[PDB]
Amino acid sequence: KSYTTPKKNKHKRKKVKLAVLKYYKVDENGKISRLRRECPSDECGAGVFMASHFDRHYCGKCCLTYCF
Amino acid sequence: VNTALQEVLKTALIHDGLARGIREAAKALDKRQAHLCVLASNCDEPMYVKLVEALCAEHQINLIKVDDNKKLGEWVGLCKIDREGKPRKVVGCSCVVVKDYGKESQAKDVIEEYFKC
């Protein structure tokens, strides 16, 4: 029946089209300008990039953290 | 050599060698698992087609450039509801970087001979 206190807004995914385009920066020559740091873990090697946070750095797979 | 692509692509789908998609292309080319790199073309891609070019032209990775995205998508076997007839509507896949463990094939050498020159 009728409850007073309003319901909780559910999480909607912030889908970002071509998220690989942000991870890298393609060069004029056959090379790279990789902006993001790669996770220096054992579980994930050179494949997984770290997160570019505004007061830290965080890996999304193995949950590794590096701070300023 | 198009029916060669059909066999190698299906011996990588079945046995699950391919790291399909550009995020997983970037995975297979950072780990360097690419025994091949297939590419579809003629899509409004200013930066995306240069990404795959500079990644493939980094060290050793080959390049198959087929024309149509929907055509590669219809080969890579994504959407066929009512198989008796035609595929209904399939998304246009671009980068299916095969790491073909299933070299139990006629089609491995004929593509490797098409890359020999």
# chains A, B, ... in the order shown; residues from 1 in each chain; ligands from 1
$ residues_around --residues "residue 50 (chain A)" --least-positions-apart "6" --cutoff "6 Å" --atoms "only C-alpha atoms" --output "JSON, numbers by chain"
{"A": [37, 38, 39, 58, 59]}
$ write_last_selection --atoms "C-alpha atoms" --output "PDB file, in the first residue's frame"
ATOM      1  CA  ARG A  37      49.420   4.006 -16.610  1.00  0.00           C
ATOM      2  CA  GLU A  38      49.390   0.142 -16.994  1.00  0.00           C
ATOM      3  CA  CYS A  39      48.652  -1.855 -13.753  1.00  0.00           C
ATOM      4  CA  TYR A  58      43.221   2.910  -9.050  1.00  0.00           C
ATOM      5  CA  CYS A  59      43.156  -0.408 -11.056  1.00  0.00           C
TER       6      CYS A  59
END
$ interface_residues --of "chain A" --to "chain B" --cutoff "9 Å" --atoms "only C-alpha atoms" --output "VMD selection string"
chain A and resid 18 to 21 24 to 32 45 to 48
$ write_last_selection --atoms "C-alpha atoms" --output "short mmCIF file (atom, residue, chain, number, x, y, z; two decimals), in the first residue's frame"
data_model
loop_
_atom_site.label_atom_id
_atom_site.label_comp_id
_atom_site.auth_asym_id
_atom_site.auth_seq_id
_atom_site.Cartn_x
_atom_site.Cartn_y
_atom_site.Cartn_z
CA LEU A 18 34.90 4.26 -27.95
CA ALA A 19 36.52 4.15 -24.44
CA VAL A 20 39.68 2.61 -26.12
CA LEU A 21 40.03 5.94 -28.08
CA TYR A 24 45.43 5.46 -26.16
CA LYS A 25 46.48 8.34 -28.46
CA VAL A 26 47.35 7.01 -32.00
CA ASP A 27 50.60 8.49 -33.52
CA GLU A 28 51.35 9.70 -37.12
CA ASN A 29 53.99 6.87 -37.30
CA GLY A 30 53.52 3.17 -36.28
CA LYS A 31 53.87 3.80 -32.48
CA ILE A 32 51.84 4.94 -29.38
CA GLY A 45 50.03 -7.55 -16.64
CA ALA A 46 50.42 -5.03 -19.54
CA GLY A 47 46.78 -5.36 -20.83
CA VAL A 48 44.81 -3.56 -18.03
#
$ atom_distance --atom1 "CA of residue 41 (chain A)" --atom2 "CA of residue 99 (chain B)"
23.6 Å
$ atom_distance --atom1 "CA of residue 96 (chain B)" --atom2 "CA of residue 40 (chain A)"
26.7 Å
$ residues_around --residues "region 71-84 of chain B" --least-positions-apart "2" --cutoff "8 Å" --atoms "only C-alpha atoms" --output "PyMOL selection string"
chain B and resi 6+9-10+13+40+66+68-69+86-94
$ write_last_selection --atoms "N, CA, C and O atoms" --output "PDB file, in the first residue's frame"
ATOM      1  N   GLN B   6      36.895 -17.583 -43.897  1.00  0.00           N
ATOM      2  CA  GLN B   6      35.686 -18.265 -43.352  1.00  0.00           C
ATOM      3  C   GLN B   6      36.092 -19.410 -42.411  1.00  0.00           C
ATOM      4  O   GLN B   6      35.495 -19.507 -41.325  1.00  0.00           O
ATOM      5  N   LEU B   9      38.466 -18.125 -39.280  1.00  0.00           N
ATOM      6  CA  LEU B   9      37.539 -17.333 -38.421  1.00  0.00           C
ATOM      7  C   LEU B   9      36.646 -18.285 -37.606  1.00  0.00           C
ATOM      8  O   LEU B   9      36.431 -17.995 -36.414  1.00  0.00           O
ATOM      9  N   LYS B  10      36.188 -19.396 -38.200  1.00  0.00           N
ATOM     10  CA  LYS B  10      35.260 -20.374 -37.557  1.00  0.00           C
ATOM     11  C   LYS B  10      36.032 -21.386 -36.694  1.00  0.00           C
ATOM     12  O   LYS B  10      35.429 -21.873 -35.721  1.00  0.00           O
ATOM     13  N   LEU B  13      36.421 -19.067 -33.640  1.00  0.00           N
ATOM     14  CA  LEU B  13      35.104 -18.905 -32.954  1.00  0.00           C
ATOM     15  C   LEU B  13      34.815 -20.159 -32.120  1.00  0.00           C
ATOM     16  O   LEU B  13      34.602 -20.019 -30.897  1.00  0.00           O
ATOM     17  N   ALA B  40      37.485  -4.573 -40.971  1.00  0.00           N
ATOM     18  CA  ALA B  40      36.429  -4.066 -41.880  1.00  0.00           C
ATOM     19  C   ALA B  40      36.602  -2.552 -42.047  1.00  0.00           C
ATOM     20  O   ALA B  40      37.207  -1.921 -41.154  1.00  0.00           O
ATOM     21  N   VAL B  66      39.033  -6.264 -45.208  1.00  0.00           N
ATOM     22  CA  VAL B  66      37.749  -6.499 -45.936  1.00  0.00           C
ATOM     23  C   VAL B  66      36.993  -5.161 -45.966  1.00  0.00           C
ATOM     24  O   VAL B  66      37.330  -4.274 -45.153  1.00  0.00           O
ATOM     25  N   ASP B  68      33.285  -4.349 -45.915  1.00  0.00           N
ATOM     26  CA  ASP B  68      32.014  -4.081 -45.181  1.00  0.00           C
ATOM     27  C   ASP B  68      32.107  -4.599 -43.735  1.00  0.00           C
ATOM     28  O   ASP B  68      32.674  -5.693 -43.531  1.00  0.00           O
ATOM     29  N   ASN B  69      31.553  -3.835 -42.782  1.00  0.00           N
ATOM     30  CA  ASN B  69      31.484  -4.163 -41.328  1.00  0.00           C
ATOM     31  C   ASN B  69      30.403  -5.226 -41.092  1.00  0.00           C
ATOM     32  O   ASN B  69      30.705  -6.218 -40.398  1.00  0.00           O
ATOM     33  N   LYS B  86      18.031 -16.338 -44.066  1.00  0.00           N
ATOM     34  CA  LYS B  86      19.072 -15.278 -43.964  1.00  0.00           C
ATOM     35  C   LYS B  86      19.202 -14.823 -42.511  1.00  0.00           C
ATOM     36  O   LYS B  86      18.231 -14.879 -41.757  1.00  0.00           O
ATOM     37  N   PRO B  87      20.406 -14.386 -42.065  1.00  0.00           N
ATOM     38  CA  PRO B  87      20.552 -13.640 -40.811  1.00  0.00           C
ATOM     39  C   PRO B  87      19.673 -12.378 -40.788  1.00  0.00           C
ATOM     40  O   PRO B  87      19.679 -11.656 -41.772  1.00  0.00           O
ATOM     41  N   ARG B  88      18.948 -12.148 -39.685  1.00  0.00           N
ATOM     42  CA  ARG B  88      17.918 -11.078 -39.548  1.00  0.00           C
ATOM     43  C   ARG B  88      18.592  -9.702 -39.615  1.00  0.00           C
ATOM     44  O   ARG B  88      18.310  -8.950 -40.570  1.00  0.00           O
ATOM     45  N   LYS B  89      19.444  -9.400 -38.632  1.00  0.00           N
ATOM     46  CA  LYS B  89      20.214  -8.132 -38.526  1.00  0.00           C
ATOM     47  C   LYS B  89      21.392  -8.370 -37.578  1.00  0.00           C
ATOM     48  O   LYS B  89      21.141  -8.716 -36.410  1.00  0.00           O
ATOM     49  N   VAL B  90      22.617  -8.177 -38.073  1.00  0.00           N
ATOM     50  CA  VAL B  90      23.882  -8.435 -37.325  1.00  0.00           C
ATOM     51  C   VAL B  90      24.658  -7.117 -37.217  1.00  0.00           C
ATOM     52  O   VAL B  90      24.666  -6.349 -38.200  1.00  0.00           O
ATOM     53  N   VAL B  91      25.252  -6.858 -36.048  1.00  0.00           N
ATOM     54  CA  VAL B  91      26.070  -5.637 -35.768  1.00  0.00           C
ATOM     55  C   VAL B  91      27.393  -5.740 -36.534  1.00  0.00           C
ATOM     56  O   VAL B  91      27.925  -6.862 -36.662  1.00  0.00           O
ATOM     57  N   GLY B  92      27.896  -4.597 -37.007  1.00  0.00           N
ATOM     58  CA  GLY B  92      29.120  -4.498 -37.822  1.00  0.00           C
ATOM     59  C   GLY B  92      30.373  -4.552 -36.966  1.00  0.00           C
ATOM     60  O   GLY B  92      30.800  -3.487 -36.480  1.00  0.00           O
ATOM     61  N   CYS B  93      30.936  -5.751 -36.787  1.00  0.00           N
ATOM     62  CA  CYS B  93      32.233  -5.990 -36.096  1.00  0.00           C
ATOM     63  C   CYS B  93      33.381  -5.590 -37.030  1.00  0.00           C
ATOM     64  O   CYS B  93      33.233  -5.770 -38.257  1.00  0.00           O
ATOM     65  N   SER B  94      34.475  -5.068 -36.463  1.00  0.00           N
ATOM     66  CA  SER B  94      35.668  -4.553 -37.189  1.00  0.00           C
ATOM     67  C   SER B  94      36.889  -5.430 -36.884  1.00  0.00           C
ATOM     68  O   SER B  94      37.351  -6.131 -37.806  1.00  0.00           O
TER      69      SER B  94
END
$ residues_around --residues "residue 57 (chain A)" --least-positions-apart "4" --cutoff "9 Å" --atoms "only C-alpha atoms" --output "short mmCIF file (atom, residue, chain, number, x, y, z; two decimals) with N, CA and C atoms, in the first residue's frame"
data_model
loop_
_atom_site.label_atom_id
_atom_site.label_comp_id
_atom_site.auth_asym_id
_atom_site.auth_seq_id
_atom_site.Cartn_x
_atom_site.Cartn_y
_atom_site.Cartn_z
N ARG A 37 48.43 4.93 -17.23
CA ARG A 37 49.42 4.01 -16.61
C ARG A 37 48.87 2.57 -16.69
N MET A 50 45.38 1.51 -15.66
CA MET A 50 44.90 2.07 -14.37
C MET A 50 43.91 3.21 -14.66
N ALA A 51 43.24 3.69 -13.61
CA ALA A 51 42.26 4.81 -13.64
C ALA A 51 42.99 6.13 -13.39
N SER A 52 42.70 7.15 -14.20
CA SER A 52 43.22 8.54 -14.06
C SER A 52 42.26 9.35 -13.17
N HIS A 53 42.33 9.13 -11.85
CA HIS A 53 41.50 9.83 -10.83
C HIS A 53 42.14 11.18 -10.48
N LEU A 64 44.06 -2.60 -7.18
CA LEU A 64 45.34 -1.98 -6.73
C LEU A 64 45.19 -0.46 -6.73
N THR A 65 45.82 0.22 -5.76
CA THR A 65 45.70 1.69 -5.52
C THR A 65 47.09 2.32 -5.37
N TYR A 66 47.30 3.48 -6.00
CA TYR A 66 48.49 4.37 -5.85
C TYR A 66 48.01 5.82 -5.66
N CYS A 67 48.51 6.51 -4.63
CA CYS A 67 48.10 7.89 -4.23
C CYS A 67 49.25 8.88 -4.47
N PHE A 68 48.92 10.18 -4.59
CA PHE A 68 49.87 11.30 -4.83
C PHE A 68 50.75 11.49 -3.58
#
$ residues_around --residues "residue 8 (chain B)" --least-positions-apart "2" --cutoff "12 Å" --atoms "only C-alpha atoms" --output "ChimeraX atom specification"
/B:1-6,10-18,35-38,75-76,96-112
$ atom_distance --atom1 "CA of residue 15 (chain A)" --atom2 "CA of residue 34 (chain A)"
21.6 Å
$ select_by_dssp --residues "chain B" --states "alpha helix (DSSP H)" --output "PyMOL selection string"
chain B and resi 2-13+22-30+48-56+69-75+107-114
$ write_last_selection --atoms "N, CA and C atoms" --output "short mmCIF file (atom, residue, chain, number, x, y, z; two decimals), in the first residue's frame"
data_model
loop_
_atom_site.label_atom_id
_atom_site.label_comp_id
_atom_site.auth_asym_id
_atom_site.auth_seq_id
_atom_site.Cartn_x
_atom_site.Cartn_y
_atom_site.Cartn_z
N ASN B 2 38.89 -15.88 -49.56
CA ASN B 2 37.76 -15.41 -48.72
C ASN B 2 37.17 -16.60 -47.94
N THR B 3 37.10 -17.78 -48.57
CA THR B 3 36.65 -19.06 -47.94
C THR B 3 37.75 -19.61 -47.01
N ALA B 4 38.99 -19.15 -47.17
CA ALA B 4 40.10 -19.39 -46.21
C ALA B 4 39.83 -18.60 -44.92
N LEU B 5 39.45 -17.32 -45.05
CA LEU B 5 39.08 -16.43 -43.91
C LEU B 5 37.89 -17.06 -43.17
N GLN B 6 36.90 -17.58 -43.90
CA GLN B 6 35.69 -18.27 -43.35
C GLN B 6 36.09 -19.41 -42.41
N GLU B 7 37.06 -20.24 -42.81
CA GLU B 7 37.49 -21.46 -42.07
C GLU B 7 38.30 -21.06 -40.83
N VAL B 8 39.32 -20.21 -40.99
CA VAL B 8 40.22 -19.73 -39.89
C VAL B 8 39.39 -18.99 -38.84
N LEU B 9 38.47 -18.13 -39.28
CA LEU B 9 37.54 -17.33 -38.42
C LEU B 9 36.65 -18.28 -37.61
N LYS B 10 36.19 -19.40 -38.20
CA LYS B 10 35.26 -20.37 -37.56
C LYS B 10 36.03 -21.39 -36.69
N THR B 11 37.30 -21.69 -37.01
CA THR B 11 38.19 -22.54 -36.18
C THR B 11 38.76 -21.74 -34.99
N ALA B 12 38.52 -20.42 -34.95
CA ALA B 12 38.85 -19.52 -33.81
C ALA B 12 37.60 -19.17 -33.00
N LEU B 13 36.42 -19.07 -33.64
CA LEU B 13 35.10 -18.90 -32.95
C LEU B 13 34.81 -20.16 -32.12
N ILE B 22 37.73 -4.17 -30.21
CA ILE B 22 38.92 -3.26 -30.25
C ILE B 22 39.57 -3.20 -28.86
N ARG B 23 38.78 -3.24 -27.78
CA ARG B 23 39.27 -3.32 -26.38
C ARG B 23 40.06 -4.63 -26.22
N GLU B 24 39.56 -5.73 -26.79
CA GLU B 24 40.20 -7.08 -26.73
C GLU B 24 41.25 -7.24 -27.84
N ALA B 25 41.18 -6.43 -28.91
CA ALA B 25 42.27 -6.28 -29.90
C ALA B 25 43.48 -5.64 -29.21
N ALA B 26 43.24 -4.55 -28.46
CA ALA B 26 44.24 -3.84 -27.63
C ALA B 26 44.83 -4.78 -26.57
N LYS B 27 44.04 -5.72 -26.04
CA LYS B 27 44.49 -6.78 -25.09
C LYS B 27 45.45 -7.74 -25.80
N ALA B 28 45.02 -8.29 -26.95
CA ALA B 28 45.75 -9.33 -27.72
C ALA B 28 47.01 -8.75 -28.38
N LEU B 29 47.10 -7.43 -28.56
CA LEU B 29 48.27 -6.74 -29.18
C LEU B 29 49.19 -6.12 -28.12
N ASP B 30 48.73 -5.98 -26.86
CA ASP B 30 49.58 -5.58 -25.70
C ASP B 30 50.25 -6.83 -25.12
N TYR B 48 39.58 5.73 -35.36
CA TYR B 48 39.44 4.27 -35.06
C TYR B 48 40.26 3.43 -36.05
N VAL B 49 40.23 3.76 -37.35
CA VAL B 49 40.94 2.99 -38.42
C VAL B 49 42.45 3.24 -38.32
N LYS B 50 42.88 4.42 -37.87
CA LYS B 50 44.32 4.73 -37.64
C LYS B 50 44.80 3.99 -36.39
N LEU B 51 43.96 3.89 -35.34
CA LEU B 51 44.24 3.10 -34.10
C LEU B 51 44.72 1.70 -34.49
N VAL B 52 43.88 0.95 -35.23
CA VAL B 52 44.13 -0.46 -35.63
C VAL B 52 45.35 -0.53 -36.57
N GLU B 53 45.57 0.49 -37.42
CA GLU B 53 46.72 0.56 -38.36
C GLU B 53 48.04 0.66 -37.58
N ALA B 54 48.14 1.63 -36.66
CA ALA B 54 49.35 1.93 -35.86
C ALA B 54 49.60 0.83 -34.82
N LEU B 55 48.54 0.15 -34.35
CA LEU B 55 48.64 -1.04 -33.45
C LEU B 55 49.18 -2.23 -34.24
N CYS B 56 48.61 -2.50 -35.42
CA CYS B 56 49.01 -3.62 -36.32
C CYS B 56 50.41 -3.37 -36.90
N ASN B 69 31.55 -3.84 -42.78
CA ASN B 69 31.48 -4.16 -41.33
C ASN B 69 30.40 -5.23 -41.09
N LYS B 70 29.20 -5.01 -41.64
CA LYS B 70 28.03 -5.93 -41.54
C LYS B 70 28.39 -7.32 -42.10
N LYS B 71 29.21 -7.37 -43.16
CA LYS B 71 29.64 -8.62 -43.84
C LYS B 71 30.56 -9.44 -42.92
N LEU B 72 31.54 -8.79 -42.28
CA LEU B 72 32.46 -9.42 -41.29
C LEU B 72 31.64 -9.90 -40.08
N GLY B 73 30.68 -9.08 -39.63
CA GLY B 73 29.72 -9.40 -38.55
C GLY B 73 28.88 -10.63 -38.87
N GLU B 74 28.46 -10.79 -40.13
CA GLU B 74 27.62 -11.93 -40.60
C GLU B 74 28.47 -13.20 -40.70
N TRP B 75 29.79 -13.06 -40.94
CA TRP B 75 30.77 -14.18 -40.93
C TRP B 75 31.09 -14.60 -39.49
N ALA B 107 43.37 -23.80 -44.12
CA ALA B 107 43.20 -22.36 -44.42
C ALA B 107 44.27 -21.49 -43.73
N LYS B 108 45.05 -22.04 -42.79
CA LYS B 108 46.12 -21.31 -42.07
C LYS B 108 47.24 -20.94 -43.05
N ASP B 109 47.70 -21.90 -43.86
CA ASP B 109 48.87 -21.77 -44.76
C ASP B 109 48.53 -20.89 -45.97
N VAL B 110 47.32 -21.01 -46.53
CA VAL B 110 46.89 -20.26 -47.76
C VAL B 110 46.75 -18.76 -47.45
N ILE B 111 46.34 -18.40 -46.22
CA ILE B 111 46.33 -16.98 -45.74
C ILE B 111 47.78 -16.55 -45.45
N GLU B 112 48.59 -17.44 -44.86
CA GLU B 112 50.03 -17.21 -44.57
C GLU B 112 50.82 -17.06 -45.88
N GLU B 113 50.38 -17.72 -46.96
CA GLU B 113 50.95 -17.61 -48.33
C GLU B 113 50.49 -16.30 -48.99
N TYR B 114 49.27 -15.83 -48.67
CA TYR B 114 48.70 -14.53 -49.12
C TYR B 114 49.37 -13.36 -48.37
#
